[PDB]
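The structure under discussion appears below in the form of structure tokens.
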Amino acid sequence: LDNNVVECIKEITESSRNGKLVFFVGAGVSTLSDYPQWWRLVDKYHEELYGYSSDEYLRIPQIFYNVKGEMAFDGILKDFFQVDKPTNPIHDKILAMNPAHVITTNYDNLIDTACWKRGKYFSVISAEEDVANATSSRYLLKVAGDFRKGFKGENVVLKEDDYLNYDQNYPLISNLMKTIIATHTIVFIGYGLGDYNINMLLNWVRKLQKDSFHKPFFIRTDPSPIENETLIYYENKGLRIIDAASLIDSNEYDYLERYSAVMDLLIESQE
Amino acid sequence: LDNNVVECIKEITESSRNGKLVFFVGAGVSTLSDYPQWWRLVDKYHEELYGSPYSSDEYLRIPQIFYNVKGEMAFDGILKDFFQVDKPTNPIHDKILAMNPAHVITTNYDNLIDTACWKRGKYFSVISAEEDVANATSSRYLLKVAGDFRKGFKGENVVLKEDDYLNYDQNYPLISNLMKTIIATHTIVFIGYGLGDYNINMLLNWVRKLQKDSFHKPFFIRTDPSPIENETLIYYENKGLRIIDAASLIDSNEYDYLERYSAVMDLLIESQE
Amino acid sequence: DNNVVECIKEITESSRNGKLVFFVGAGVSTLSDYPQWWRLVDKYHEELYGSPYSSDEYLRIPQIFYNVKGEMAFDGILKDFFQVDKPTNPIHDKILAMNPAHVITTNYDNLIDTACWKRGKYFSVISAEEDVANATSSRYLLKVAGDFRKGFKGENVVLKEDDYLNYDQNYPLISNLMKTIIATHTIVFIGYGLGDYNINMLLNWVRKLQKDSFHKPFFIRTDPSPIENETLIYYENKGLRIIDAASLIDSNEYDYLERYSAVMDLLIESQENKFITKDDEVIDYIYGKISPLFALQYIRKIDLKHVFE
Amino acid sequence: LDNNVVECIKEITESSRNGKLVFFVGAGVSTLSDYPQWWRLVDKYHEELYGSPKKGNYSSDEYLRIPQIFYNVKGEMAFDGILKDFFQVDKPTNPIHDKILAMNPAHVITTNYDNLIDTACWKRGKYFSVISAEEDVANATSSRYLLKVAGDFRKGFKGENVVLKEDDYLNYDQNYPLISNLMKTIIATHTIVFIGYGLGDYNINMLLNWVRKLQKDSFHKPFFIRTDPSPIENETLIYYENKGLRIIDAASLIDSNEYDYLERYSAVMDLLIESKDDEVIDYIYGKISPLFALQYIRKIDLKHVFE
Ligand SMILES: NC(=O)c1ccc[n+]([C@@H]2O[C@H](COP(=O)([O-])OP(=O)(O)OC[C@H]3O[C@@H](n4cnc5c(N)ncnc54)[C@H](O)[C@@H]3O)[C@@H](O)[C@H]2O)c1
Ligand SMILES: NC(=O)c1ccc[n+]([C@@H]2O[C@H](COP(=O)([O-])OP(=O)(O)OC[C@H]3O[C@@H](n4cnc5c(N)ncnc54)[C@H](O)[C@@H]3O)[C@@H](O)[C@H]2O)c1
Ligand SMILES: NC(=O)c1ccc[n+]([C@@H]2O[C@H](COP(=O)([O-])OP(=O)(O)OC[C@H]3O[C@@H](n4cnc5c(N)ncnc54)[C@H](O)[C@@H]3O)[C@@H](O)[C@H]2O)c1
Ligand SMILES: NC(=O)c1ccc[n+]([C@@H]2O[C@H](COP(=O)([O-])OP(=O)(O)OC[C@H]3O[C@@H](n4cnc5c(N)ncnc54)[C@H](O)[C@@H]3O)[C@@H](O)[C@H]2O)c1
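Residue numbers (PDB author numbering), protein chains in the order written: chain C, 22 to 72, 79 to 298; chain D, 22 to 74, 79 to 298; chain B, 23 to 74, 79 to 335; chain A, 22 to 296, 304 to 335.
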């Protein structure tokens, strides 16, 4: 173990005990259930266009929409995202932490089904109107939309145009997410350090005063242990990183093992 | 109060019982209990710069002009001498607290609502400064969007000058986000606020940015003597505001402001709890 | 005094080089007896509440009327006031006599355009978004508050609250052009109130600029009473150089053309040799004019007339 | 040649003859002079940081961040030292710079921090006021600007007076308010022709995003000279042509080799710089029609009319 790791685990458990822990779950948690990873859809759109760079993830969907209409866009999106994948152990592991809120950029319903299975009831907030009608005290925030109003591309923010207008298209959802981040303890699971959402959140946290907020915990479970340079870089940007690969030596492709190891370490520390 | 008022009271009481009620207490309420209204301070500031003495832009500029010209020290001096006189909490404060509001949002810097909250036994975690937002110890917040003098009687703690309002969104990101979230997720009742108030109008613009029927239109208690002109009422109602007119509610003289406030407060409290 | 003398010197030096831009306010239009805004605001208030301000009220009352009585009523009430024509006053002639590089005006009238046509200098007028892209001439008459050229509707002009709220979004090209002209050219404000909405917005934008990276605009104040010193410091530290017409000449408050005429006569008449009285400044001026000619072996005697203008 | 390129050339030459042509010179023109490509700088930064060069290509986010990570991790001094090592060299100006200058553009907008464009302008005896810093906008020394929107190395080879890292681009609108607004004004009031830029470039993406906010059919679509190795796809062409661009594909016209960029640039450039008994009467009438407004015309003035 490590003194930094033990301190982070203790802080996480302490915040979970008093109901302050909030889980920011990325696509890494949803790929455990073998849900279509975004590069699958990007590659399908690219192949449709002409028979992965980060900017391409937003460009390819954008060009495909602009050319093949909302018609082809929603057609492909519904085709690839109607699988009904089963929830992985990590979903229930996240739920066992008893998080106050679960912010997920994912559009798949794995997380809410996991909450229902555990019995925890989270008011799902994935649309502008959902904020006003949120009855439950605990919010499950889908800050990228979800396929519960249908399988149209308007529901989600997959393409680059939605990302560009997200601030003015999701003012209530955006400000609620910022409030949750500011007033809670945030743990990032299933997110790459280069993710668009992670970088945008890090840019936002710059505007905050030096000691105004709490540095969110980042749980990295990529196969390759991070370089010291990246750890130092993202430590000064407000991210507190716990490296699954560094914590335990494991197989490169055994992402499930890394996620589960970090999660059971947290749970066992919480008792 | 046939329809446009009875329905407002019914919705307010329903939200209060549900617990999704928040009060945006204006400066006027803190003036019901004798207190220095900001126009008096603006007059004093102008008299310091000039011989004798108001537009809202002048409201923001005259203290700003004093701060720029005279300096931080003198500005803080008049601020402290004028705003350091303790005052007794009026019946309006405990009347507001009796509704059991979830949170209390106010643009006042005085300790006249926290005192009422403590005296009534209800604990609201006061959030007046930037750093107080994250280190919150209670579910319910008494958010002073304009700051307060708890840390000290310096003018930097509060936003009252033109520059303070110019950089408010940059100066108070967390506080502004928290207030916006509270407004969006709770039913908001505005009390002791000028219909053309600066803070009210900025929030009205923010709500205009919001999409159609994506939020609940806040309530606004209007307490100055003159009954609301129909055109102004229509304009503000279409601006996402539901106006409860204290002047139309009862019959009273212009200068008896306590009676006009109490009419609305009692009609809201006693009527179906 | 030295301050006003230096202000006039800078203004004239910028004008002679073609780097002078004039920010014409509503006072210049009022000098031509054009209907001031407060008249129309009073008309709107009377129509709204039956029987009849501030920066907020000026924007609100027209805004209230727009959505309470409708677009057509707003357009009709504003056209019945602004459709009347007026003759350009001597102040427009004085403004154009400086050969300004550009004229930026928030007025919705055509008096400045008519004066530009009179003088013979073709100022391509930009009062709409499409105007910026297709403006053949290099001299811009920027109507930053719209114009009635297209029609007499209220949409073409910026005079109501929502119009000002979405100005940056509604007029991106026009705002960018005005800011570029302000940053590049020397700016003189005439016909504007010190506590004005447009001037305050320009000051707010200038605050964002890096220190000493821009030139402080000149503001010609024609208010009836001499400006308070405290306000003078406040506005000169905000990025303004104030030339007070009331201070230069004492005139009765009711009349305003005399103050504008005094300021503009000081501008036009002023010459670099007008201020040189010390015999140590005579040599300074002569050397400033003759020094670059030292690089030439011989200078034609008759050609020297060009050196001394 | 094709008809679309014919229309584009017609409009570009017309605008240039009116003194309304501006050239947005990209990094490809500088690379034509064998100037250190930014990808090589990013590779050096990555090698210094992680001890080995990155496997594969670099994304735009990588270009923006690897320099930023090195700057805040390895310190400012090393960040400027790498820039001094790679950029302090002086490279000859390629024929493309002189070709661009031969069009006598009203202004020259370039994100390059090198002085190659300035050297070409002087070699052609052109007086361009180089506005590379914030203070330069107010004190312009000439009518036509060589506006370097990404800064330049005139005031030393420090990385502060350049837009290279992620923070420089993030705070550009606040770091360069005057320069950004002047560039936008020049774009709005002039005819812009892009050279040496890729469709995936960050600067072009930002400019296209800004052009979104403009009013419908308010601005003029800027021309974009595309000279990437491969021919332009029919999907990206439509995508970027309704995004405000006027793409002119070099590979589409010239059936040239790959990695032979110089001639590919030159084809478009010299197709740009090289410019019946029923049209003769039309031309003469076009020249003489305004003269009908005058009672009498001097014959020598007629010589004047016919250039
Ligand atoms: N990025 C691409 O376009 C691309 C193309 C081919 C393969 N990949 C694969 O994706 C990974 C990196 O990029 P990405 O955006 O697709 O993922 P990422 O690593 O960028 O994605 C986010 C999260 O994904 C998790 N993850 C990645 N692969 C996983 C797996 N097999 N099982 C469980 N979790 C997994 C990591 O936990 C990471 O935090 C690499 O593992 C790579 O082999 C990516
Ligand atoms: N110099 C001035 O601006 C001026 C002119 C006339 C009256 N006043 C006094 O200032 C306020 C004028 O109305 P106003 O809306 O500008 O107020 P205000 O806007 O200055 O602030 C107070 C708000 O609270 C309520 N309020 C009004 N008068 C009050 C009073 N005397 N005691 C307690 N609460 C009051 C009103 O709803 C008012 O909007 C009153 O207090 C009035 O007696 C001031
Ligand atoms: N304050 C009001 O809203 C209101 C209402 C009715 C009438 N008025 C009259 O108008 C004047 C205020 O004018 P404003 O709204 O333009 O604010 P203003 O007085 O601030 O505008 C000032 C610019 O307009 C100029 N100006 C004022 N009167 C002028 C005149 N007769 N001729 C030429 N220029 C003049 C001054 O030049 C000044 O620099 C008041 O002093 C009053 O006489 C004002
Ligand atoms: N991603 C990388 O950095 C990487 C790695 C290895 C090789 N390369 C090669 O280096 C090139 C650098 O371009 P970029 O990817 O940095 O942007 P890019 O290739 O999109 O930029 C190309 C634009 O710049 C110009 N350009 C590119 N390469 C040129 C060349 N070799 N000669 C003349 N002009 C050229 C072209 O006009 C083109 O439109 C790549 O296009 C590729 O050929 C790049």
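Just so you know, even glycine gets a beta-carbon here, dropped at the ideal spot from N, CA and C.
- Message: What are the residues in the segment 220 to 252 of chain B lying within 9 Å of chain A by C-beta distance?
- Response: 231, 234, 235, 236, 238, 239, 240 and 241
- Assigned exposure category for residue 113(B) - 16 Cβ within 10 Å defines buried: Locating residue 113(B) in the third sequence gives position 87, counting from the first residue. Exposed, since its Cβ has fewer than 16 Cβ neighbours within 10 Å.
- Taking residue 183(C) as part of the alpha helix (DSSP H), name the residues at either end of that continuous run. The residue given as residue 183(C) occupies position 156 in the first sequence. Note, residue 183(C): premise wrong, no alpha helix (DSSP H); not H, not E.
- Message: Short of 7 Å in beta carbon distance, which residues of its chain neighbour residue 128(A), apart from the five on each side in sequence? Order them along the chain.
- Response: Here residue 128(A) refers to the residue found at position 107 of the fourth sequence. Apart from the 5 residues on each side of it in sequence, residue 128(A) sits with its Cβ closer than 7 Å to the Cβ of 43, 165, 166, 168, 207 and 211 in its chain, given in chain order.
- Any Cβ of chain A within less than 8 Å of the Cβ of residue 158(B)? Here residue 158(B) refers to the residue found at position 132 when the third sequence is read from its first residue. Chain A contact via Cβ: present.
- Message: On a Cα-Cα basis, can you pick out the residue from 92(A), 226(A) and 289(A) that is closest to residue 247(A)?
- Response: Here residue 247(A) is taken as the residue at index 226 of the fourth sequence, counted from 1. Measuring from the Cα of residue 247(A), the nearest candidate turns out to be 289(A).
- Beta-carbon of residue 126(C) versus every beta-carbon of chain D: anything under 8 Å? Here residue 126(C) is taken as the residue at index 99 of the first sequence, counted from 1. Taking CB atoms only, residue 126(C) has no neighbour in chain D less than 8 Å away.
- Are the segment 174 to 182 of chain B and the segment 98 to 113 of chain B touching, with three or more C-beta to C-beta distances below 8 Å? yes
- Tell me whether the beta-carbon of residue 115(D) lies closer than 8 Å to the beta-carbon of residue 54(D). Residue numbering aside, residue 115(D) sits at position 90 when the second sequence is read from its first letter. Residue numbering aside, residue 54(D) sits at position 33 when the second sequence is read from its first letter. Result yes, Cβ atoms of residue 115(D) and residue 54(D) sit closer than 8 Å.
- Task: For residue 171(A), decide whether its Cβ has a neighbour in chain B, counting only Cβ atoms nearer than 8 Å.
- Result: Against the fourth sequence, residue 171(A) aligns to sequence position 150. Taking Cβ atoms only, chain B never reaches closer than 8 Å to residue 171(A), which makes this a no.
- Kindly say whether residue 115(A), judged by its beta-carbon, lies nearer than 8 Å to any beta-carbon of chain B. Within the fourth sequence, residue 115(A) is the residue found at index 94, counting from 1. Judged by the 8 Å Cβ criterion, residue 115(A) is not in contact with chain B.
- Query: Any idea what DSSP makes of residue 270(D), helix, strand or coil?
  - Reply: Here the question's residue 270(D) lines up with position 245 in the second sequence. Strand.
- With DSSP as the reference, please indicate the residues paired to residue 169(B) in a beta bridge. As a working mapping, residue 169(B) is identified with position 143 in the third sequence. DSSP output for residue 169(B) lists 131(B) as bridge partner(s).
- Task: Please compile the residues from chain A whose C-beta is within a distance smaller than 8 Å of the C-beta of residue 161(B).
- Result: Counted from its first residue, the third sequence places residue 161(B) at position 135. Result: 210.
- Message: Pop quiz: residue 71(A) and residue 254(C) are said to be a contact at Cβ under 8 Å. What is the actual Cβ separation, rounded to whole angstroms?
- Response: Locating residue 71(A) in the fourth sequence gives position 50, where the first residue counts as 1. Locating residue 254(C) in the first sequence gives position 227, where the first residue counts as 1. Sure, about 5 Å apart at Cβ, within 8 Å.
- Message: Measuring straight from C-alpha to C-alpha, what distance separates residue 81(D) and residue 34(D)?
- Response: Here residue 81(D) refers to the residue found at position 56 of the second sequence. Here residue 34(D) refers to the residue found at position 13 of the second sequence. Rounded to the nearest angstrom, the two C-alpha atoms are 34 Å apart.
- Buried/exposed call for residue 52(B), threshold 16 Cβ in 10 Å: As a working mapping, residue 52(B) is identified with position 30 in the third sequence. By the neighbour-count rule (16 or more Cβ atoms within 10 Å), residue 52(B) is buried.
- Item | Cβ-heavy atom distance, residue 206(C) to ligand 2, below 7 Å | Here residue 206(C) corresponds to residue number 179 of the first sequence, with the count starting at 1. False, no ligand heavy atom lies under 7 Å from that Cβ.
- Keeping to the same chain, check which residues put their C-beta closer than 6 Å to that of residue 219(D); ignore five residues upstream and five downstream. For the purposes of this step, residue 219(D) is identified with residue 194 of the second sequence, where counting begins at 1. Counting only Cβ-Cβ distances below 6 Å, and skipping sequence neighbours, we find nothing.
- Name, going along the chain, the residues of the segment 173 to 191 of chain B whose beta-carbon falls closer than 8 Å to a beta-carbon of chain A. none
- Message: At the level of alpha carbons, what is the spacing between residue 187(A) and residue 84(A)?
- Response: Numbered from 1 along the fourth sequence, position 166 holds the residue referred to as residue 187(A). Numbered from 1 along the fourth sequence, position 63 holds the residue referred to as residue 84(A). One C-alpha to the other measures close to 8 Å.
- Query: Is there at least one Cβ from chain B nearer than 8 Å to residue 63(D)'s Cβ?
  - Reply: Here residue 63(D) refers to the residue found at position 42 when the second sequence is read from its first residue. It does not; no Cβ of chain B falls within 8 Å.
- Task: Identify the continuous beta strand (DSSP E) that holds residue 145(A) and give its terminal residues.
- Result: Translated into the one-based positions of the fourth sequence, residue 145(A) becomes position 124. Note, residue 145(A): premise wrong, no beta strand (DSSP E); not H, not E.
- Query: Looking at C-alpha atoms only, which residue of 222(D), 31(D), 143(D) and 200(D) is the closest neighbour of residue 47(D)?
  - Reply: By one-based count along the second sequence, residue 47(D) stands at place 26. Cα-wise, what sits closest to residue 47(D) is 222(D).
- Item | residue 63(C): first and last residue of the uninterrupted alpha helix (DSSP H) it sits in | Taking the first sequence and counting its residues from 1, the one referred to as residue 63(C) is at position 42. Residues 59 to 71.
- Since residue 257(D) meets chain B, which of its residues come closer than 7 Å, beta carbon to beta carbon? Mapped onto the second sequence, residue 257(D) falls at position 232. Those are 90, listed as they occur along chain B.
- Item | Contact test: residue 143(D) Cβ vs ligand 2 heavy atom, cutoff 7 Å | For the purposes of this step, residue 143(D) is identified with residue 118 of the second sequence, where counting begins at 1. Checking the Cβ of residue 143(D) against ligand 2 gives no.
- Message: Assuming contact is defined by CB atoms lying nearer than 8 Å, are residue 240(A) and residue 154(B) in contact in what I supplied?
- Response: Along the fourth sequence, read from residue 1 onward, the residue named residue 240(A) stands at position 219. Along the third sequence, read from residue 1 onward, the residue named residue 154(B) stands at position 128. In this structure, residue 154(B) does not lie closer than 8 Å to residue 240(A) by Cβ.
- Measure the Cβ-Cβ separation of residue 316(B) and residue 308(B) and say whether it is below 8 Å. The residue given as residue 316(B) occupies position 290 in the third sequence. The residue given as residue 308(B) occupies position 282 in the third sequence. No; because the gap between Cβ atoms is not below 8 Å, this pair is not in contact.
- Item | Against chain B: residues of the segment 198 to 209 of chain A by CB proximity under 7 Å | 198, 199, 202, 203, 205, 206 and 209
- Cα-Cα, which of 141(A), 40(A) and 279(A) is closest to residue 120(A)? Taking the first residue of the fourth sequence as position 1, residue 120(A) is located at position 99. With distances taken between Cα atoms, residue 120(A) lies closest to 141(A).
- Task: Tell me, please, which residues DSSP counts as bridged to residue 247(A).
- Result: The sequence position of residue 247(A) within the fourth sequence is 226, counting from 1. For residue 247(A), the beta-bridge partners assigned by DSSP are 270(A).
- Query: Going straight from the alpha carbon of residue 90(D) to that of residue 214(B), what length do you get?
  - Reply: As a working mapping, residue 90(D) is identified with position 65 in the second sequence. As a working mapping, residue 214(B) is identified with position 188 in the third sequence. About 23 Å.
- Query: Short check: CB of residue 88(D) to CB of residue 185(D), under 8 Å?
  - Reply: Taking the first residue of the second sequence as 1, we reach residue 88(D) at position 63. Taking the first residue of the second sequence as 1, we reach residue 185(D) at position 160. Result yes, Cβ atoms of residue 88(D) and residue 185(D) sit closer than 8 Å.
- Contact the segment 263 to 280 of chain D vs the segment 258 to 265 of chain B: 3+ CB pairs below 8 Å: no
- Item | Within-8 Å CB hit, residue 155(C) to chain D | Residue mapping note: residue 155(C) aligns to position 128 of the first sequence, counting from 1. The C-beta of residue 155(C) comes closer than 8 Å to at least one C-beta of chain D.
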